[PDB]
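Here is what each chain is made of, one letter per residue.
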Amino acid sequence: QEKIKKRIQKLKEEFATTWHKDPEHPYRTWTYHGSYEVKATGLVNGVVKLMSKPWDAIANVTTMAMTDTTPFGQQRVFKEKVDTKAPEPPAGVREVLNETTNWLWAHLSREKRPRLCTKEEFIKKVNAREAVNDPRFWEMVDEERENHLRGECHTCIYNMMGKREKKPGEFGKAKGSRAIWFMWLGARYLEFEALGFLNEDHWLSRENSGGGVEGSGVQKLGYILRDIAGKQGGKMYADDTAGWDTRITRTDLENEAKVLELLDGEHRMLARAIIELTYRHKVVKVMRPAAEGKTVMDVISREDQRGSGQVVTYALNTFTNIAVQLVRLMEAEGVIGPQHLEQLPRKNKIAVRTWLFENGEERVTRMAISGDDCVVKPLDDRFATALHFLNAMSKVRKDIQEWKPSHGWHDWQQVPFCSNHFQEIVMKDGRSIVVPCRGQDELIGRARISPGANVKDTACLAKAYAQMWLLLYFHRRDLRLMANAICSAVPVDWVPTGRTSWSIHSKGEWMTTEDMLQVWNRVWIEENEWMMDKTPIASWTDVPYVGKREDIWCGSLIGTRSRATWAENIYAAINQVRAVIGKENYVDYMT
Ligand SMILES: [Zn+2]
Ligand SMILES: [Zn+2]
């Protein structure tokens, strides 16, 4: 309307050559500005492939893909999951959220105090690299800061790279499609400068937030879910929101926007621009197929949507979701009902504020909130039908009838949270650990996919995944044999590279050359605050597995002929990989 002028013009200028206006574009909730012609931008780890021969016949592994940066996919994901708008909740609900979000910010700001982020802090985090080392780049930033301080935005533009899509089905919760947003690195230092304190100071850490899990490693999440289960109450609920990022309302954004009321002076002016000029009023570049197999880049805008692809995407999403789960708790406890949806009587409004103040600190500790992922153990199973405020906030549950009672789990070991479920297994020496578990077919498939184009880079990435399995998924019979086999087939002095997971709970303790038995012992015994007897483990043969029955359910191939042949001919596979990579220092870990 007014704030997006500076960015549209700069775009028209840069590509005035092939710039044209309005092919029969399909945008409905996005104001169309124009398009321009561009080069379209539309991968197997041999080592893991060689060590996982039985899984060559498994469709879920061989047919795996979740990447789509292709212009065709960019249009597909934008139309169905980005070109969509959630209706605003009625006046009553909006008011209930107001009280709830107010209480939460106060609770987050009880001890921690906000702060601007620094240039050195940004650079320290990165280790693009050859960009931050150029002082010439930082002048461009300095100009933009003054534009923000002036109340204008010039270069901060989102680019819709592609789609992330989980093939629905058996092993994991069917996550819908999501859009992948990348931006100019300069825009990343900004926003981080203004709002990075939420992440860097762990504002939504479990200590500070009570319900969140920011900073907790994926190995910690299991125990956390157990503490929740340890509390008195009904069944444990974990309802997924149907396309969370797509159903963030303007009402919620305003409540999230209450950060500004916690900032002083120049800090607020920098952040005010980020939220209003960059978050609220967006400008997005997206590819689109046209003519005779040619691809153009569209430029569009939208003003009442947060969506995704920001530095605090996780931080805010965690926050709002907590507030949401609190509201649902209130409906479930009888504080509020369907009558107060349209208009909230003050008589009830007070009961809300009283509830948050008195019970909020306890209720929040019955939660496990990591972004859109949520697990809640309410007082009673009345929670299952408390949907009136939930559906009103447009946080409609996925894969269920709009008004069908929610599904709860009696066994916390079956509760899905952050792409895993969590099993408690008893070690050989009598002690017990709570380990993460997930579809093995998915795990091996993701190991098979290499983004690079280099043997060492491939073999290090293979050793990367392998050593991850030893630390987290050692309890899976196939994965432990395959990891030890891969490590044994990769030069012992080679340092793991690349990333094995995108989950924010993946710390990367395995990205080392250290003996993983030490690292395991470090993570699961020494630093594991739920392990009282700190007695170290001597060897892997003391490190427990899950039950066979449980393992096969979760995708194991044990007790099959094809795997059995593979396990006893594992050495042949190792000797091949060694012979291909070449003369280096190898170690036999298969003992
Ligand atoms: Zn800007
Ligand atoms: Zn499992």
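Residues numbered from 1 in each chain as written, not as in the entry; some residues may be left out. Chains lettered and ligands numbered in written order. Heavy atoms only, no water. Residues with missing side-chain atoms left out of burial classes, pairs and counts.

Comments concerning the layout of surface pockets
Rolled over the atoms, a probe sized like a water molecule indicates the empty space that remains.
Item 1. Of the pockets and cavities examined, the second largest pocket occupies roughly 500 Å³.
Item 2. Around the second largest pocket, the lining is made up of 21 residues, and of these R480, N484, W540, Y589 and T591 lie nearest the centre.
Item 3. Secondary structure elements with two or more residues in the lining of the second largest pocket: helix 19 (455-472) and helix 20 (477-488).
Item 4. A total of 5 residues in the lining of the second largest pocket trace back to one element, the largest contributor, which is helix 20. (1 Å grid on protein atoms, 1.4 Å probe; cavity = no way out; pocket = protein on both sides within 12 Å on 5 of 7 lines; lining within 4 Å. Points joined across faces, edges and corners; volume = space filled by probe spheres on them. Helix = DSSP H or I, 4+ residues; strand = E, 2+ residues; numbered from the N terminus.)

Here we look at the coordination of the zinc ion (ligand 2)
Item 1. Note on the zinc ion (ligand 2): its protein donors are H421 (NE2), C437 (SG) and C554 (SG). The metal-donor distances range over 1.9 to 2.2 Å. Both residues of the pair, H421 and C554, count as buried. (Donors = N, O, S within 2.8 Å, 3.2 Å for Na, K, Ca; no water. Buried < 20%, exposed > 50% of the residue type's maximum accessible area, 1.4 Å probe, protein only.)

Here we look at the packing of aromatic side chains
Two numbers describe a pair of aromatic rings. These are the distance of the centres and the angle of the planes.
Item 1. Counted according to the given criterion, the structure contains 20 aromatic pairs.
Item 2. A ring pair is formed by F78 and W181, whose centres lie 6.3 Å apart and whose planes are at 65°; its orientation type is edge-to-face.
Item 3. Taking relative accessible area as the criterion, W181 reaches 11% and is therefore assigned buried.
Item 4. Measuring from centroid to centroid gives 5.2 Å for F197 and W203, while their planes differ by 80°, and the two rings are edge-to-face. Summarising the burial analysis for this pair, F197 and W203 share the class buried.
Item 5. Here a set of aromatic residues connected by ring pairs shows up, and it is made of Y27, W30, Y32, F78, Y158 and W181. (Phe/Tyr/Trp six-rings, centres within 6.5 Å; stacked < 30°, edge-to-face > 60°.)

Some remarks on the packing of helix 18 (residues 440-448) against helix 20
Between two packed helices, both the angle of their axes relative to each other and the distance between the axes serve to describe the pair.
Item 1. Remark: helix 18 packs on helix 20, axes separated minimally by 10 Å, with the N-to-C direction vectors making an angle of 20°. Classified by the angle their axes make, helix 18 and helix 20 are roughly parallel. In this structure, helix 18 crosses over helix 20, and the sense of that crossing is right-handed. Between helix 18, through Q440, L443 and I444, and helix 20, the contact on the second element is made entirely by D478, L479 and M482.
Item 2. Residue classes in the contact of helix 18 with helix 20 are distributed as 4 nonpolar, 1 polar and 1 charged. (Axes fitted to C-alpha atoms, helices over the stretch in contact; angles between N-to-C directions. Parallel < 35°, antiparallel > 145°, perpendicular 65-115°, else oblique. Left-handed = near helix turned anticlockwise from the far one by under 90°. Contact = heavy atoms within 4.5 Å. Nonpolar A, V, L, I, M, F, W, Y, C, P; charged D, E, K, R; others polar.)

A few points about empty space enclosed by the protein
Item 1. By volume, the largest cavity amounts to about 70 Å³.
Item 2. As for the largest cavity, its lining consists of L195, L198, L253, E256, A257, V259, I275, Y279, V312 and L316.
Item 3. Elements with a minimum of two residues in the lining of the largest cavity: helix 13 (250-256) and helix 14 (266-280).
Item 4. For the second largest cavity, the calculated volume is near 60 Å³.

Brief notes about the environment of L253
Item 1. Within the secondary structure, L253 is located in helix 13.
Item 2. Taking the relative accessible area as the measure of exposure, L253 reaches 4% and is therefore buried.
Item 3. Counting along the chain gives 63 residues from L253 to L316, while the straight-line C-alpha distance between them is 9.0 Å.
Item 4. Those residues in contact with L253 that sit more than four places away from it in its chain are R280 and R306.

Quick word on the coordination of the zinc ion (ligand 1)
Item 1. Looking at the zinc ion (ligand 1), one finds its protein donor set to be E144 (OE), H148 (NE2), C153 (SG) and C156 (SG), positioned 2.1 to 2.5 Å from the metal centre.
Item 2. Geometry at the zinc ion (ligand 1) is tetrahedral, judged from its 4 donor atoms and the angles of 95 to 129° they form at the metal. (Tetrahedral: all angles 85-135°; square planar, octahedral: opposite > 155°, others 65-115°.)

Observations concerning unusual backbone geometry
Item 1. Positioned with a positive phi, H202 is a non-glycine residue whose angle comes to about 55°.
Item 2. Among the structural elements, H202 can be located in the loop between helix 10 (197-200) and helix 11 (206-209).
Item 3. Assessed through its relative accessible area of 38%, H202 is described here as partly exposed.
Item 4. At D399, a residue that is not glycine, the phi angle is positive and equals roughly 60°.
Item 5. Checked against the element boundaries, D399 lands in the loop between helix 17 (388-392) and strand 10 (408-409).
Item 6. With relative accessibility at 67%, the residue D399 sits in the exposed group.

Looking at the pattern of salt bridges
Item 1. By the definition in use, this model includes 35 salt bridges.
Item 2. The residue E152 makes a salt bridge to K6 at a minimum N-O spacing of 3.9 Å.
Item 3. Residue classification places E152 among the partly exposed residues on the basis of a relative accessible area of 22%.
Item 4. Judged by its relative accessible area of 39%, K6 is partly exposed.
Item 5. Two residues, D551 and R476, come together in a salt bridge whose shortest N-O distance is 3.0 Å. Taken as a pair, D551 in helix 22 (residues 548-553) and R476 in the loop between helix 19 and helix 20 lie far apart in primary sequence, 75 residues in all. Both residues of the pair, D551 and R476, belong to the buried class.
Item 6. Each of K175, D240, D372, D373 and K398 takes part in one network of salt bridges that share partners. (Salt bridge = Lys/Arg side-chain N within 4 Å of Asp/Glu carboxyl O.)

Some points on the domain arrangement of the protein chain
Item 1. The domain architecture assigned to the protein chain consists of domain 1 (1-41 + 71-84 + 154-161 + 280-303), domain 2 (42-70 + 419-591), domain 3 (85-116 + 196-279 + 304-418) and domain 4 (117-153 + 162-195).
Item 2. Computed over C-alpha atoms only, the centres of domain 1 and domain 2 are separated by 42 Å.
Item 3. Each partner contributes to the interface: domain 1 provides 7 residues, whereas domain 2 provides 4 residues.
Item 4. Linking domain 1 with domain 2 are 0 salt bridges, by the criterion used here.
Item 5. Across the domain 1-domain 2 interface, the total number found is 5 residue pairs in polar contact.
Item 6. Partitioned by chemical class, the residues of the side of domain 1 that touches domain 2 number 4 nonpolar, 3 polar and no charged. (Domains from an automatic or database assignment. Polar contact = N/O pair within 3.5 Å; in protein donor to acceptor, adjacent residues only side chain to side chain.)

Some details on helix 20
Item 1. Here helix 20 is 12 residues long and its end C-alpha atoms lie 17 Å apart, about the 16 Å a rise of 1.5 Å per residue gives.
Item 2. Most of helix 20 is tucked away: 12 of the 12 residues are buried.
Item 3. Looking only at helix 20, the buried set comprises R477, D478, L479, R480, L481, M482, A483, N484, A485, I486, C487 and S488.
Item 4. Looking at the buried positions of helix 20, the neighbouring elements they touch are helix 2 (46-51), helix 18, helix 19, helix 22, helix 23 (561-568) and helix 24 (570-581). (Expected span 1.5 Å × (residues − 1).)

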